Structures are given as structure tokens and as C-alpha cells.
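Before any questions on binding or motion, here is one chain by itself as C-alpha cells, the form deposited in one PDB entry.
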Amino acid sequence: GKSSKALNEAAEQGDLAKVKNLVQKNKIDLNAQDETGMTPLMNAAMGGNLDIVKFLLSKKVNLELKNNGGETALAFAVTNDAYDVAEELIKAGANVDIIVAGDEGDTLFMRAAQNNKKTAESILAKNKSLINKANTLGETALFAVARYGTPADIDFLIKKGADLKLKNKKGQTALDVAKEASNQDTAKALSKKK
């Protein structure tokens, strides 16, 4: 079927009634992607609109379609800080082993780990190995947090099984990048962890 610009706008803006009007009428394939690859669900996720997400999930939409930036609805939720929606999608069976947009190829886990601990834990409950899955530059969450996080973030990651010895594609450890980023506190903590 055809995508509807009106449905996609409604889903992003958070207008539940209009979403219901356009959907139940059934002139619209809910899995049809628009010009930039967007679905209604991706729009709802991006806008943090939990009720619309739930409505769409009750229609059994495909969770794994990707836009032109290669992102699923779950990546839209995580990357736009809609962690309520992210938890809903993870419970509905959304694949957590995905890549979010940008040159680094960060994992979903790595993005959640810098921001929302609950969601980071929900991702690992699905796939415990993600703790050490590296991005395109050979960097794990440990690297991101070494740069821009806290000793408590480092402890979180170590508790979930972070390998301390990994080296990125430049041959740097997480300690190396902490120092390069002038993060005194994480460099200190990382130097001391065994």
C-alpha cells in the first residue's frame, strides 16, 4: 500500500485521535515507508508518543524496518531520549542488536549506556554479549564513558562485564581516550581497575 504524510505527521506530533481515524479506516499500509524510509511507528517513537506506539503495536506492525539513516523505531526512541518508548519496544520484541545513525556506527547499547541505565540494562538482558560489541572505530561503551562519563558509569559497565583490555582501531585503550579527552576522573578510575 501507500504511505500517508498525514498519518506520519500525526504520529510524530502525538495526535492519537487522528492516528486512529486514519488507521482504522484502513486505506493505509502501516508498514509502507515514505520518501526518507519512515514509518508511522518510527515517527511515534521519535516523538516519544507512548500511547501511539502502543496503538501501533496492537496492529502488529513490523518493528525492524529502517529509514535512510539505517535506524529502526527502537533506534529512533533511544537516540531521541524517549526511553519510555524504548522500554515498550524492547518488551514488544524489538531487536536490540542494532546500530544508530552517524559515522561512528555506535551500537544501541552504547547510546543507551551514556544516557539511561534502565534501558542499557534492558538491552543487555536480551543479549549479554553487547556489553563488549564494538562500533566502527573499534570502540565500546567503555570508550564513550571514558571520554564523557563518570567513575559510576565505568563501575556500571564493569558490573555488566566490560573488558578492560580492548583497543580501538587506533590502538588506544579506554584509558588512553580518557586522557586525550581530559577526563581526569575516569582516567584515574580506569588506571586503577583490575
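Superpose the two forms; the largest set of C-alphas matching within 1.5 Å is the rigid core. All residue numbers are counted from 1 along the displayed sequence.
Although it is not shown, the form deposited in another entry is what the next lines describe.
When the two forms are superposed on their rigid core between the shown form and the other one, the C-alpha shift of 2 Å or more among 132, 127, 150, 33 belongs solely to 150. Superposition of the core reveals a Cα shift of 2 Å or more for residue 176 between the shown form and the other one. After superposing the rigid core, the Cα of residue 9 is displaced by less than 2 Å between the shown form and the other one.
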